[PDB]
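Engineer: Next up, upload.pdb (PDB, C-alpha atoms and all ligand atoms).
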MODEL        1
ATOM      1  CA  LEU A 498     -88.568 130.185 -70.097  1.00  0.00           C
ATOM      2  CA  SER A 499     -87.108 130.557 -73.582  1.00  0.00           C
ATOM      3  CA  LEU A 500     -83.889 132.531 -73.365  1.00  0.00           C
ATOM      4  CA  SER A 501     -81.191 134.021 -75.546  1.00  0.00           C
ATOM      5  CA  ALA A 502     -77.826 132.307 -75.877  1.00  0.00           C
ATOM      6  CA  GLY A 503     -74.817 132.243 -78.167  1.00  0.00           C
ATOM      7  CA  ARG A 504     -71.767 134.443 -78.748  1.00  0.00           C
ATOM      8  CA  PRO A 505     -73.645 137.074 -80.726  1.00  0.00           C
ATOM      9  CA  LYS A 506     -76.820 136.369 -78.704  1.00  0.00           C
ATOM     10  CA  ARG A 507     -79.736 134.868 -80.615  1.00  0.00           C
ATOM     11  CA  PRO A 508     -83.233 134.566 -79.147  1.00  0.00           C
ATOM     12  CA  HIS A 509     -84.761 131.156 -78.469  1.00  0.00           C
ATOM     13  CA  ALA A 510     -81.537 129.202 -77.990  1.00  0.00           C
ATOM     14  CA  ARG A 511     -81.971 127.985 -74.416  1.00  0.00           C
ATOM     15  CA  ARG A 512     -85.010 126.665 -72.520  1.00  0.00           C
ATOM     16  CA  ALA A 513     -85.455 126.350 -68.785  1.00  0.00           C
ATOM     17  CA  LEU A 514     -87.979 125.803 -66.033  1.00  0.00           C
ATOM     18  CA  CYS A 515     -86.136 127.634 -63.261  1.00  0.00           C
ATOM     19  CA  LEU A 516     -85.149 131.271 -63.359  1.00  0.00           C
ATOM     20  CA  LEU A 517     -81.561 131.698 -62.243  1.00  0.00           C
ATOM     21  CA  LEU A 518     -81.993 134.679 -59.942  1.00  0.00           C
ATOM     22  CA  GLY A 519     -78.481 134.737 -58.646  1.00  0.00           C
ATOM     23  CA  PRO A 520     -75.487 136.902 -59.444  1.00  0.00           C
ATOM     24  CA  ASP A 521     -73.929 135.799 -62.699  1.00  0.00           C
ATOM     25  CA  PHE A 522     -72.647 137.440 -65.839  1.00  0.00           C
ATOM     26  CA  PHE A 523     -73.423 137.104 -69.507  1.00  0.00           C
ATOM     27  CA  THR A 524     -71.223 138.200 -72.358  1.00  0.00           C
ATOM     28  CA  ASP A 525     -72.051 139.809 -75.696  1.00  0.00           C
ATOM     29  CA  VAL A 526     -70.237 140.836 -78.871  1.00  0.00           C
ATOM     30  CA  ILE A 527     -71.328 144.236 -80.197  1.00  0.00           C
ATOM     31  CA  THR A 528     -70.500 146.242 -83.302  1.00  0.00           C
ATOM     32  CA  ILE A 529     -70.257 150.004 -82.743  1.00  0.00           C
ATOM     33  CA  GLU A 530     -69.074 152.872 -84.925  1.00  0.00           C
ATOM     34  CA  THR A 531     -67.396 156.188 -84.196  1.00  0.00           C
ATOM     35  CA  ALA A 532     -67.965 159.769 -85.315  1.00  0.00           C
ATOM     36  CA  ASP A 533     -65.097 158.957 -87.701  1.00  0.00           C
ATOM     37  CA  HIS A 534     -66.758 155.852 -89.202  1.00  0.00           C
ATOM     38  CA  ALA A 535     -64.223 153.494 -87.649  1.00  0.00           C
ATOM     39  CA  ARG A 536     -66.102 150.202 -87.306  1.00  0.00           C
ATOM     40  CA  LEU A 537     -65.315 148.551 -83.977  1.00  0.00           C
ATOM     41  CA  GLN A 538     -66.142 145.126 -82.533  1.00  0.00           C
ATOM     42  CA  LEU A 539     -66.494 144.833 -78.761  1.00  0.00           C
ATOM     43  CA  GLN A 540     -66.446 142.005 -76.189  1.00  0.00           C
ATOM     44  CA  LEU A 541     -68.589 142.987 -73.192  1.00  0.00           C
ATOM     45  CA  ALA A 542     -69.796 141.277 -70.025  1.00  0.00           C
ATOM     46  CA  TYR A 543     -72.741 142.175 -67.800  1.00  0.00           C
ATOM     47  CA  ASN A 544     -72.884 141.441 -64.074  1.00  0.00           C
ATOM     48  CA  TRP A 545     -76.544 141.103 -63.089  1.00  0.00           C
ATOM     49  CA  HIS A 546     -78.907 139.861 -60.397  1.00  0.00           C
TER
ATOM     50  CA  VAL B 349    -121.495  93.735 -43.760  1.00  0.00           C
ATOM     51  CA  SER B 350    -124.257  93.394 -46.336  1.00  0.00           C
ATOM     52  CA  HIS B 351    -123.496  93.734 -50.045  1.00  0.00           C
ATOM     53  CA  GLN B 352    -125.707  93.955 -53.119  1.00  0.00           C
ATOM     54  CA  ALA B 353    -125.790  91.902 -56.281  1.00  0.00           C
ATOM     55  CA  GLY B 354    -123.271  94.006 -58.136  1.00  0.00           C
ATOM     56  CA  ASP B 355    -120.934  95.427 -55.526  1.00  0.00           C
ATOM     57  CA  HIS B 356    -117.177  95.534 -55.332  1.00  0.00           C
ATOM     58  CA  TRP B 357    -115.070  95.826 -52.204  1.00  0.00           C
ATOM     59  CA  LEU B 358    -111.439  95.304 -51.247  1.00  0.00           C
ATOM     60  CA  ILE B 359    -110.393  92.862 -48.535  1.00  0.00           C
ATOM     61  CA  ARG B 360    -106.972  93.508 -47.016  1.00  0.00           C
ATOM     62  CA  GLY B 361    -104.806  92.398 -44.189  1.00  0.00           C
ATOM     63  CA  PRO B 362    -102.975  89.469 -42.741  1.00  0.00           C
ATOM     64  CA  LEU B 363    -105.689  86.823 -42.939  1.00  0.00           C
ATOM     65  CA  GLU B 364    -106.949  83.669 -44.631  1.00  0.00           C
ATOM     66  CA  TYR B 365    -109.880  83.807 -47.045  1.00  0.00           C
ATOM     67  CA  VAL B 366    -111.999  81.211 -48.828  1.00  0.00           C
ATOM     68  CA  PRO B 367    -114.418  82.560 -51.452  1.00  0.00           C
ATOM     69  CA  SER B 368    -118.081  82.244 -50.664  1.00  0.00           C
ATOM     70  CA  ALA B 369    -120.382  80.536 -53.142  1.00  0.00           C
ATOM     71  CA  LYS B 370    -121.812  83.916 -54.137  1.00  0.00           C
ATOM     72  CA  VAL B 371    -118.581  85.964 -54.256  1.00  0.00           C
ATOM     73  CA  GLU B 372    -116.085  86.340 -57.091  1.00  0.00           C
ATOM     74  CA  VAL B 373    -112.401  87.171 -56.771  1.00  0.00           C
ATOM     75  CA  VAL B 374    -111.633  89.565 -59.607  1.00  0.00           C
ATOM     76  CA  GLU B 375    -108.138  90.763 -58.758  1.00  0.00           C
ATOM     77  CA  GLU B 376    -105.174  90.715 -56.394  1.00  0.00           C
ATOM     78  CA  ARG B 377    -103.611  94.001 -55.273  1.00  0.00           C
ATOM     79  CA  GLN B 378    -100.348  95.066 -53.651  1.00  0.00           C
ATOM     80  CA  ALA B 379     -99.791  98.132 -51.531  1.00  0.00           C
ATOM     81  CA  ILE B 380     -97.519 100.519 -53.427  1.00  0.00           C
ATOM     82  CA  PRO B 381     -94.481 101.590 -51.353  1.00  0.00           C
ATOM     83  CA  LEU B 382     -93.956 105.352 -51.190  1.00  0.00           C
ATOM     84  CA  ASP B 383     -91.373 107.389 -49.332  1.00  0.00           C
ATOM     85  CA  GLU B 384     -92.172 110.748 -47.789  1.00  0.00           C
ATOM     86  CA  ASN B 385     -92.217 113.321 -50.603  1.00  0.00           C
ATOM     87  CA  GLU B 386     -93.133 110.752 -53.256  1.00  0.00           C
ATOM     88  CA  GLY B 387     -96.467 109.772 -54.687  1.00  0.00           C
ATOM     89  CA  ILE B 388     -98.868 108.707 -57.400  1.00  0.00           C
ATOM     90  CA  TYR B 389    -102.017 110.148 -58.969  1.00  0.00           C
ATOM     91  CA  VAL B 390    -105.174 108.120 -58.293  1.00  0.00           C
ATOM     92  CA  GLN B 391    -108.577 108.508 -59.921  1.00  0.00           C
ATOM     93  CA  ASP B 392    -111.837 107.737 -58.142  1.00  0.00           C
ATOM     94  CA  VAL B 393    -113.763 106.359 -61.117  1.00  0.00           C
ATOM     95  CA  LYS B 394    -116.969 106.413 -59.077  1.00  0.00           C
ATOM     96  CA  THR B 395    -116.900 110.162 -58.530  1.00  0.00           C
ATOM     97  CA  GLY B 396    -114.488 111.041 -61.351  1.00  0.00           C
ATOM     98  CA  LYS B 397    -111.931 113.012 -59.316  1.00  0.00           C
TER
ATOM     99  CA  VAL C 398    -127.414 120.385 -76.583  1.00  0.00           C
ATOM    100  CA  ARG C 399    -125.508 121.239 -73.436  1.00  0.00           C
ATOM    101  CA  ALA C 400    -122.060 120.854 -71.940  1.00  0.00           C
ATOM    102  CA  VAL C 401    -121.913 118.602 -68.871  1.00  0.00           C
ATOM    103  CA  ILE C 402    -118.764 119.187 -66.846  1.00  0.00           C
ATOM    104  CA  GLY C 403    -117.103 117.778 -63.818  1.00  0.00           C
ATOM    105  CA  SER C 404    -118.169 114.344 -62.581  1.00  0.00           C
ATOM    106  CA  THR C 405    -118.552 110.817 -63.872  1.00  0.00           C
ATOM    107  CA  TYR C 406    -121.711 110.728 -65.966  1.00  0.00           C
ATOM    108  CA  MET C 407    -124.004 108.165 -67.566  1.00  0.00           C
ATOM    109  CA  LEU C 408    -126.104 109.434 -70.460  1.00  0.00           C
ATOM    110  CA  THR C 409    -129.685 109.060 -69.374  1.00  0.00           C
ATOM    111  CA  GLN C 410    -132.385 107.894 -71.780  1.00  0.00           C
ATOM    112  CA  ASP C 411    -132.946 109.850 -75.009  1.00  0.00           C
ATOM    113  CA  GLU C 412    -129.545 111.544 -74.775  1.00  0.00           C
ATOM    114  CA  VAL C 413    -126.661 111.162 -77.213  1.00  0.00           C
ATOM    115  CA  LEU C 414    -123.095 112.405 -77.532  1.00  0.00           C
ATOM    116  CA  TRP C 415    -122.862 115.499 -79.712  1.00  0.00           C
ATOM    117  CA  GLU C 416    -119.901 116.335 -81.920  1.00  0.00           C
ATOM    118  CA  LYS C 417    -118.720 119.955 -81.893  1.00  0.00           C
ATOM    119  CA  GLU C 418    -117.087 121.214 -85.075  1.00  0.00           C
ATOM    120  CA  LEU C 419    -114.340 123.827 -85.203  1.00  0.00           C
ATOM    121  CA  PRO C 420    -113.660 126.426 -87.927  1.00  0.00           C
ATOM    122  CA  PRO C 421    -110.802 125.633 -90.378  1.00  0.00           C
ATOM    123  CA  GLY C 422    -107.396 125.931 -88.697  1.00  0.00           C
ATOM    124  CA  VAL C 423    -108.705 126.354 -85.149  1.00  0.00           C
ATOM    125  CA  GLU C 424    -107.616 122.839 -84.196  1.00  0.00           C
ATOM    126  CA  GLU C 425    -103.958 123.483 -84.987  1.00  0.00           C
ATOM    127  CA  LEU C 426    -103.946 126.528 -82.729  1.00  0.00           C
ATOM    128  CA  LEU C 427    -105.558 124.552 -79.912  1.00  0.00           C
ATOM    129  CA  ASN C 428    -103.124 121.635 -80.004  1.00  0.00           C
ATOM    130  CA  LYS C 429    -100.270 122.025 -82.486  1.00  0.00           C
ATOM    131  CA  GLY C 430     -99.695 125.607 -81.388  1.00  0.00           C
ATOM    132  CA  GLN C 431    -101.007 125.681 -77.804  1.00  0.00           C
ATOM    133  CA  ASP C 432     -98.951 128.107 -75.702  1.00  0.00           C
ATOM    134  CA  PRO C 433     -97.592 131.057 -77.673  1.00  0.00           C
ATOM    135  CA  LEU C 434     -95.783 132.374 -74.598  1.00  0.00           C
ATOM    136  CA  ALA C 435     -93.453 129.341 -74.175  1.00  0.00           C
ATOM    137  CA  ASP C 436     -92.029 129.411 -77.678  1.00  0.00           C
ATOM    138  CA  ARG C 437     -92.082 132.008 -80.471  1.00  0.00           C
ATOM    139  CA  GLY C 438     -90.346 130.653 -83.548  1.00  0.00           C
TER
HETATM  140  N1  LIG D 601     -82.201 128.251 -66.305  1.00  0.00           N
HETATM  141  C1  LIG D 601     -81.799 129.537 -66.400  1.00  0.00           C
HETATM  142  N2  LIG D 601     -82.481 130.546 -65.817  1.00  0.00           N
HETATM  143  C2  LIG D 601     -82.074 131.822 -65.910  1.00  0.00           C
HETATM  144  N3  LIG D 601     -80.971 132.202 -66.572  1.00  0.00           N
HETATM  145  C3  LIG D 601     -80.198 131.293 -67.202  1.00  0.00           C
HETATM  146  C4  LIG D 601     -80.579 129.876 -67.160  1.00  0.00           C
HETATM  147  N4  LIG D 601     -79.654 129.199 -67.857  1.00  0.00           N
HETATM  148  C5  LIG D 601     -78.756 130.105 -68.316  1.00  0.00           C
HETATM  149  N5  LIG D 601     -79.088 131.350 -67.932  1.00  0.00           N
HETATM  150  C6  LIG D 601     -78.335 132.581 -68.244  1.00  0.00           C
HETATM  151  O1  LIG D 601     -78.498 132.928 -69.618  1.00  0.00           O
HETATM  152  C7  LIG D 601     -77.246 133.323 -70.181  1.00  0.00           C
HETATM  153  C8  LIG D 601     -77.032 132.565 -71.482  1.00  0.00           C
HETATM  154  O2  LIG D 601     -75.853 133.070 -72.086  1.00  0.00           O
HETATM  155  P1  LIG D 601     -74.566 132.138 -72.319  1.00  0.00           P
HETATM  156  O3  LIG D 601     -74.514 131.693 -73.760  1.00  0.00           O
HETATM  157  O4  LIG D 601     -74.497 131.133 -71.197  1.00  0.00           O
HETATM  158  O5  LIG D 601     -73.439 133.250 -72.052  1.00  0.00           O
HETATM  159  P2  LIG D 601     -71.870 132.929 -72.034  1.00  0.00           P
HETATM  160  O6  LIG D 601     -71.456 133.042 -73.479  1.00  0.00           O
HETATM  161  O7  LIG D 601     -71.341 134.009 -71.128  1.00  0.00           O
HETATM  162  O8  LIG D 601     -71.765 131.531 -71.470  1.00  0.00           O
HETATM  163  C9  LIG D 601     -76.161 132.991 -69.169  1.00  0.00           C
HETATM  164  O9  LIG D 601     -75.565 134.186 -68.672  1.00  0.00           O
HETATM  165  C10 LIG D 601     -76.858 132.311 -68.015  1.00  0.00           C
HETATM  166  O10 LIG D 601     -76.412 132.872 -66.776  1.00  0.00           O
ENDMDL
END
Render the structure in this file as structure tokens.
Structural biologist:
Amino acid sequence: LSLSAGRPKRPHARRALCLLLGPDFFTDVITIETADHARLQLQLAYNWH
Amino acid sequence: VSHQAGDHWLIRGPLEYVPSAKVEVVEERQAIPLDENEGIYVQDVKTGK
Amino acid sequence: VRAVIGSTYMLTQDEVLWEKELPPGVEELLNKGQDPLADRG
């Protein structure tokens, strides 16, 4: 399994043989923008399983 | 046991052997120690498998 | 010519090994490339 890793997640940065099924989180840095054109940078985390 | 003019066969065990006049020793072998859940891949060169 | 598959085999009389050619660049895909699923870079 070739997987995405990094702060601003890039594809093909990690390789594995087992799929971690279990409850973890991963964290991403986004860039959004408002109806006012205020450019915002966000730190988010995703709890998954 | 009867053998033919080109055969091979393994002799094993606790015993004492003298070669016949029409037998050749070609090799010495050791049993390979293996624990449960451990192994090796063997090929049967006669049948290919 | 035929493909003979599966068991240990001795070429009988009047039989010879036959070389099979591959079109330009096919070999790289078969070995250098191999699985496309495992890596895509
Ligand atoms: N062998 C694996 N199988 C499945 N998922 C994995 C494996 N190794 C890592 N991961 C997941 O992939 C994500 C990679 O992102 P990562 O850079 O670790 O995020 P973070 O910045 O939060 O550490 C991680 O959340 C991790 O849980």
Engineer: Which residues would end up in the selection if the PyMOL selection byres (((chain A and resi 512-521) around 12) and not hetatm) were applied here, given that I need the answer as a VMD selection string?
Structural biologist: (chain A and resid 498 to 502 508 to 511 522 to 524 542 to 546) or (chain C and resid 435 to 437)
Engineer: Could you give me the centre and size, in Å to one decimal, of an axis-aligned box around all listed atoms of ligand LIG 601 (chain D) with 5 Å added on every side, as lines of an AutoDock Vina configuration file?
Structural biologist:
center_x = -76.9
center_y = 131.2
center_z = -69.8
size_x = 21.1
size_y = 15.9
size_z = 17.9
Engineer: As an MDAnalysis selection string, please: the residues near segment 525-529 of chain A (cut-off 8 Å, all atoms listed in the file, same-chain neighbours under 5 positions excluded).
Structural biologist: chainID A and resid 504:506 536:542
Engineer: For atom CA of residue 397 of chain B and atom CA of residue 406 of chain C, quote the distance in Å rounded to one decimal.
Structural biologist: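 That distance, rounded to one decimal, is 12.0 Å.
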Engineer: Where does the PyMOL selection byres (((chain B and resi 356) around 12) and not hetatm) land in this file, that is, which residues does it pick, as a list in words?
Structural biologist: residues 350, 351, 352, 353, 354, 355, 357, 358, 359, 371, 372, 373, 374, 375 and 394 of chain B
Engineer: Evaluate the ChimeraX specification (/C :<12) & /B on the structure here and hand back the selected residues as a ChimeraX atom specification.
Structural biologist: /B:391-397
Engineer: Enter the distance from atom CA of residue 417 of chain C to atom CA of residue 402 of chain C, in Å, rounded to one decimal.
Structural biologist: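 Calculated distance between atom CA of residue 417 of chain C and atom CA of residue 402 of chain C is 15.1 Å.
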Engineer: Please, what distance in Å, to one decimal, runs between atom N2 of ligand LIG 601 (chain D) and atom CA of residue 434 of chain C?
Structural biologist: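 Between atom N2 of ligand LIG 601 (chain D) and atom CA of residue 434 of chain C the gap is 16.0 Å.
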Engineer: Can I get C-alpha atoms for segment 510-528 of chain A, as a PDB file, in the first residue's frame?
Structural biologist:
ATOM      1  CA  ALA A 510       5.303   9.166   0.751  1.00  0.00           C
ATOM      2  CA  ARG A 511       4.736   6.043   2.841  1.00  0.00           C
ATOM      3  CA  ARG A 512       4.664   2.338   1.926  1.00  0.00           C
ATOM      4  CA  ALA A 513       3.224  -0.519   3.931  1.00  0.00           C
ATOM      5  CA  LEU A 514       2.155  -4.135   3.786  1.00  0.00           C
ATOM      6  CA  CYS A 515      -0.457  -4.020   6.542  1.00  0.00           C
ATOM      7  CA  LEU A 516      -3.507  -1.804   6.536  1.00  0.00           C
ATOM      8  CA  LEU A 517      -3.910  -0.100   9.888  1.00  0.00           C
ATOM      9  CA  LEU A 518      -7.630  -0.621  10.389  1.00  0.00           C
ATOM     10  CA  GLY A 519      -7.797   0.761  13.864  1.00  0.00           C
ATOM     11  CA  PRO A 520      -8.967   4.076  15.254  1.00  0.00           C
ATOM     12  CA  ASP A 521      -6.339   6.720  14.669  1.00  0.00           C
ATOM     13  CA  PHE A 522      -6.228  10.270  13.414  1.00  0.00           C
ATOM     14  CA  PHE A 523      -4.403  12.042  10.639  1.00  0.00           C
ATOM     15  CA  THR A 524      -3.819  15.750  10.370  1.00  0.00           C
ATOM     16  CA  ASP A 525      -3.870  18.091   7.381  1.00  0.00           C
ATOM     17  CA  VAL A 526      -3.130  21.741   6.631  1.00  0.00           C
ATOM     18  CA  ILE A 527      -5.698  23.355   4.326  1.00  0.00           C
ATOM     19  CA  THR A 528      -5.987  26.751   2.673  1.00  0.00           C
TER      20      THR A 528
END
